[PDB]
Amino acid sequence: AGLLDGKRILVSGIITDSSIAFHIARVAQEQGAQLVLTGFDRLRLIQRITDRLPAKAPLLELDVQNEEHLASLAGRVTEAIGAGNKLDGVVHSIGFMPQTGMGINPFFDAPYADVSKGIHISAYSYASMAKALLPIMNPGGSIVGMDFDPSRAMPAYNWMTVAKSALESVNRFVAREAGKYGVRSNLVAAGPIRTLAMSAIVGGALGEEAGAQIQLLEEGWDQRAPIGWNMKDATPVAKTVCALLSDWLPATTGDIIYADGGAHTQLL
């Protein structure tokens, strides 16, 4: 049967059909999973997109910055999957950093209010989500988050790299808490993916240099990667999240699995 056959999985972070979460949800559904989806702000738009998934799935509003949304989350999920049922998987595919903190603006010019908003959404919310959903998770369960290797500095990513460094630390502590429930907590450090936003930067939305920068990053990534890297294909990343959601990585927690073509293991 499917790799996630009979598993109830919550998938957050679908905004467009280019979203890494859209591919995670598609592959999970193809693999037998029953999903609950969470969306933020543009809920009629998210619903129009989630309608294109292989199967029907409840859509729940979740702004990770809203305390009431988090407090009611477990209650709202239980109502959607049915009383007496628990989640076997949670996918955090949420990330945000204002333009002041990521892009063409100098590193020193990012106001802390902006950096703090980005760290809240990109790092702290991994713990928020785990706090809310662990009480309605089954033993053997899995929490997966999305990472972009922050171990070395790079142009443009700036405070998003700082936020991913914090996310990596948050994951290690979430694992400590999750373990009390028999639940694993891990990250998928993916190589660059051509989402709508990335296609817009490459296209010059923020100028020729920011575009050239992303194309240069992508070129070197495919070059270093012993098996190559196709930024236009999120399926290898989606498959890796599903591997972690499955029972096939049962002794891995507080960790990072690199779905990057093996680029991080090569210098040149």
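In case it trips you up, residue 1 is the first one in the sequence shown, and so on.
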Report, as yes or no, whether residue 222 is left without coordinates in at least one third of the other compared entries. no
Can you check if, in at least a third of the other PDB entries compared, residue 202 has no modelled coordinates? no
171-179 versus 80-88 - greater average Cα B-factor per the deposited record: 80-88
In the PDB record, does 226-234 or 45-53 carry the higher mean Cα temperature factor? 45-53
Among 119, 187, 190, 74, where is the Cα B factor highest in this entry? 74
CA B-factor ranking of residue 150, expressed as a third of its chain: lowest
With respect to C-alpha B-factor, does residue 160 fall in the lowest, middle or highest third of the chain as deposited? lowest
Within-chain third of residue 217 by Cα B-factor, per the entry: lowest
Split the chain's modelled residues into thirds by Cα B-factor; is residue 133 in the lowest, middle or highest one? highest
Splitting the chain's C-alpha B-factors into thirds, which one does residue 141 fall into? middle
